[PDB]
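> Here's a structure for you.
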């Protein structure tokens, strides 16, 4: 129910987070097959085959029968080690992006949480507006009944009333909308959520921008991923270099053989050579090769890896400019939130005193209760529009921390301190 | 001209629909080559080759003249069947997404069709606004001429007139833009389109939400595609399992070769063995093999397929909760459309009576005709903003029908029933 | 500083432009390896291997020792030439898109610049608004001090003041934002930028739209790229046709051999055949093959390439509809800009005369100076909202020129003519 608990149940409800985790699992597991080729290749084959050599040596008839194990083991080829390193760095990549997605979950969660509150706010306010305009219409109606005014005004207040009805329904509708938005990252409905403890609000001042810039230089996930991409490009480079490598290898195998000769040609002077055999063999030995020159195969690849490299570096710098922009913008947004909160506070005070004034106006009955509710309307609107400003302060409070690439459950707990009273959702 | 006919010509004018159709054609045709490998592989590779030995067995010249056909046919390998099933499911995928795109074309079609209707409205009424403000400029002008109100007001009205002119030009401009928007899907410019039969609106109540839930769950295209994706992942799993398959084979080949001999070394005791060859051959037989352990080849792939599976499943549930969200939101939007239509109707009646009232004001001339056209302004603005609301009702109709995964020409035919009088576009 | 210089320093600062450049370098360089296969394949693969017979073959140990260079050279396979042509066309593609981004850098570069100007504008004027409202607060305050009015008004003016303060901070904030936006393209902060020379502002009429269309047919980069895609699809088609090609080839290689015998079975009646032999060889000759029939390999591929072709064609027409839409829309936007500029000009004149009027009002003291500054507020707001309109005129100019697929530094120079006075940024 509390934002913390909301994070808790939602910690498993997210598929994409779990999806990404599983993807990381795919990467780390893929490292295994990345290690695989270096290991020896035990194998087996078998065959049977009749043959008939027509023409010249025509009339011979020869079935053939054989089977063999074939162990093989390459030794010298660093390219596989290279690919292994690629797999490693890619794994680190997947790790980082996974953490990123975690932070994303945090953000979305908090956002969706606040939206419900805001919807409740607008709901109630639009309601009070409804009643106010309603008795406005009733008054005006009665005023026509005694004939003081033109019918046109009656229809006017009519239109006001219908309009505000639409305003009710759309808002109430937005309520459940946001509710389902919450279920989207939960899979569960919630009857109620804790109200903000506005009385104990934190008007915390921002840290100086430069240190934040430093921490940003140190620990944004994205730029880190860029650097990993760069190093990976370097790995691609040496992998392109790998083509020049001599390929030391070692075969090892044994094989049975049968083959029973037949046909009239075998008859007469078989000379043992035409006789059926039972031979078997245990071949084992080195294998090796070297490309020397291959039409410029391993040449263009080099430059390709190079362009890939420098381009990746460009992406890195782009990320750099990006994080600078983002963090500054966030900081600034926080300040904006501050000032806005100030303004709306004062507005609250204003509408309040105005309200009390008009209430006194009804105290000796100078006005109508309707008007009192008009001031009441302005009052509430100002109220949780100010609350809205506070939540915006919170969101910015996360974004800057998000900008750092840091974030944790603990910040959300600090948020959880802010919550207070239970509040029914619908 | 009518929305139905517009859809009719639209059915061929769309490239992307036809594109997707042809893509389905590709997906189906590819199933054929998916069936292909099982078929026998006939072949030929005759060639000639000189040879000149040296060192130890130096000086014995020769030249082979090989020529042989090679039919081949493996029998046991389920992995290919697996890939066939994959291709099948892929074809189902392409099918589903194709139908989806059809619905998409429908939606966009009706949308663009309505936008024109709206722009016409805004155009006309804006024009009336132009005339009204104009004659205000004239009145105020003359009022300066007789020496009354200060020049500043004159320039004010001037600004009004110029501003509203700009509004005209941008209005007309948007009109032709929308016309082109229509041509974009149609490839045709249309001088005129049918007006809505506003007199006979359909105030249908929405069905209870749960039934719609059950239906859409039963037949949404997207989630269906997800399920196909999951099944495909399972197929990938058995395909990973396929690496344990022994590979039964059957070679079948034949042909002749003539290696003529030459060189001085052949001279002396040729022993028939050094005579020129003239042999042919008819080899045929099985070629079995089983991989045994191979460094963990067919291992990591298993878990990879597994993670692929579960992640796909997570996507499935994701899309599930998603469509729940969407359909509820749609229902809600429809209700909003209802209430809005109500409100604007009443606003229409109101502004109308206000109009008639002021007209009566001019009946003894208390006002100016411009004022009457101000009431007229608010009037028609209200009118076809209400029309706009009705179109929104239509769009929501198609949307709720869309989330079902249903949709067809028929609802659009009912929309065609909604249409009435011809109206020139520009 | 001037827009031209800004473009100049920026012209190298862009990563993505340089990125695309290097990518073009890749596309070109890859043509080399595309040419590569036709070249001769020199090679080598020496190796050594022990052998030990058993069962009938038992007791005759040996160890083969082989070494051989291996040149190879294919003669006839058009598919390689085909793929070469593919690579060529791909190079053309990367070229074109590179040109696209070359325009893209320009557009944004103007955009942010004008945004900076605008931000400066709104900033200053908001400041003036601040001072005005401030003195209203002071007036109302003092008025309460002598007690002419209710406290509620005091709080009202209070609220106005805090609000406008918030507007200041967000304004300044937006200023620095835009500054950083500029740095994003440049990597450099800028103290100052040239003011527009509004006095000599251009108002050229657009060329008639049809001529612009014929011009459009010439060289939009996008559509050209589409046509290249089509031709590429055709190349894919002939490449599918290339599976019918007989594969004429030429083997050419030489190698030595040693192979030493061992074992007691070799002893006795060796018959020369059971003796060590240091043979060498110089094999050379033709190679050839032809598929005949392969289970429908090169069949489904044909239809596949065909579908690829037609789909590409559909994309081409899609691009056609696209460019028509965009160019007309641009033209229209220009017209809108014109009329808007007209309107705001007149508004400026109006507010000006109103200002002078009220100034005269203070000349004999009929009003507060604050009010005069209110007119001042409306004044400047109108002023550089009009400026904003002029920049929109410029942006539209660049847009329509962009739709042409044209654009150059020279148009930006023509823009550079428009600039005038130096202006500090913050």
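Chain C is numbered as in Swiss-Prot; the shown residues are, in order, 23-448.
How was it done? The header gives electron microscopy, 5.3 Å.
Every residue gets a Cβ built from N, Cα and C, even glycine.
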> Report, based on Swiss-Prot, whether residue C:76 and residue C:287 occupy the same side of the membrane.
yes
> Which sequence positions outside the topological domain 'Periplasmic' (C:23-62), separated from its termini by at least 6 residues, show Cβ-Cβ distances below 8 Å to it?
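Counting only partners 6 or more residues beyond its ends, the topological domain 'Periplasmic' (C:23-62) has Cβ contacts under 8 Å with 93-96, 102, 105-106, 108-110, 112-113, 115-117, 119-120, 123-124, 127-128, 131-132, 135, 207-210, 212, 214-216, 431, 434-435, 437-438, 441, 444.
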> Taking DSSP states H, G and I as helix and E and B as strand, how many residues of the topological domain 'Extracellular' (C:75-82) are helix, strand and coil?
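For the topological domain 'Extracellular' (C:75-82), the helix, strand and coil counts are 0 helix, 2 strand, 6 coil.
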> I'd like the per-state residue tally for the topological domain 'Extracellular' (C:280-300) from DSSP, helix first, then strand, then coil.
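DSSP composition of the topological domain 'Extracellular' (C:280-300): 3 helix, 3 strand, 15 coil.
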> Who are the long-range neighbours of the topological domain 'Extracellular' (C:75-82) in its own chain, taking Cβ under 8 Å and residues 6 or more past its ends?
283, 285-288, 296
